[PDB]
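Taking the form solved without the DNA, here's one chain by itself in structure tokens.
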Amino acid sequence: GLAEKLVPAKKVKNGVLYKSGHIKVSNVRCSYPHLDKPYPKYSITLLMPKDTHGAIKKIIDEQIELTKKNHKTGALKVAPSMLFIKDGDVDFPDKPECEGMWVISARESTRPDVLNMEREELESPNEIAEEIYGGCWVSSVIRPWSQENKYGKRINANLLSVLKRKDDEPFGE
């Protein structure tokens, strides 16, 4: 799978930047998983605790700037509201699980690698949905991409892998 192919560039607390621009965010809480079947797109929201993910957030900001620079129509300007990463303490007032979190949204049209706690690829949609529920903790590999169309200018994140890390209280989404 993906993990065996990636070549690390920089490892920090709770994260890795790869030479290919992939970013691993480790030990984050998931929300709204759509890993079983597309919904077409697969998707997840990652709630990344600010106090333990500062360095990887800094790297994410840097990679967002690189992605703007290399957009296919030339350097792309994107407002903070149109990025895949948002501030849980400002942009999610009525969602308490977002307190003290960076909120990352990632999507893909093809299924990401989905690994259970034993680092085994899952295949059954029902098993995937049971294994990785909203509220559990995961680690995930994402990579930014730039978009410019009639609906706006965005920096999005491809969802490339999700690894189950720990059980916790379900959000019941």
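When you see a residue number, it is the position in the sequence shown, counting from 1.
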(message) Between residue 39 and residue 40, how many residues of the deposited sequence have no coordinates in this entry: none, 1 to 3, 4 to 9, or 10 or more?
(response) 4 to 9
(request) Can you let me know which of the two, 153-161 or 10-18, has the higher average C-alpha B-factor in the entry? (result) 10-18
(request) Determine, for stretches 47-55 and 107-115, which one has the higher mean CA B-factor as deposited. (result) 47-55
(message) Among the modelled residues of this chain, does the Cα B factor of residue 92 put it in the lowest, middle or highest third?
(response) highest
(message) Is residue 120 in the lowest, middle or highest third of its chain when residues are ranked by C-alpha B-factor?
(response) lowest
(request) Grab the CA temperature factor for residue 85 from the record and place it in the lowest, middle or highest third of its chain. (result) lowest
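Same protein, other form: the form deposited with the DNA bound, not shown, and the subject of what follows.
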(message) Contact with the DNA in the deposited bound form for residue 154, defined as at least one heavy atom pair within 4.5 Å: yes or no?
(response) yes
(message) Is residue 133 near the DNA? Define near as a heavy atom within 4.5 Å, in the deposited bound form.
(response) no
(message) Residue-level contact is defined here as any heavy atom of the residue lying within 4.5 Å of the DNA in the deposited bound form; does residue 105 satisfy this criterion?
(response) yes
(request) Flag residue 58 as yes or no: does it have a non-hydrogen atom within 4.5 angstroms of any non-hydrogen atom of the DNA in the deposited bound form? (result) no
(message) Based on heavy atom distances of 4.5 Å or less, which listed stretch (133-141, 49-57, 107-115, 62-70) is in contact with the DNA in the deposited bound form?
(response) 107-115
(message) Taking a heavy atom within 4.5 Å as contact, would all three of 18, 27 and 166 count as contacting the DNA in the deposited bound form?
(response) no
(request) Any residue of 33-59 with a heavy atom within 4.5 Å of the DNA in the deposited bound form counts; write them all down in order. (result) 34, 39, 41, 43, 45
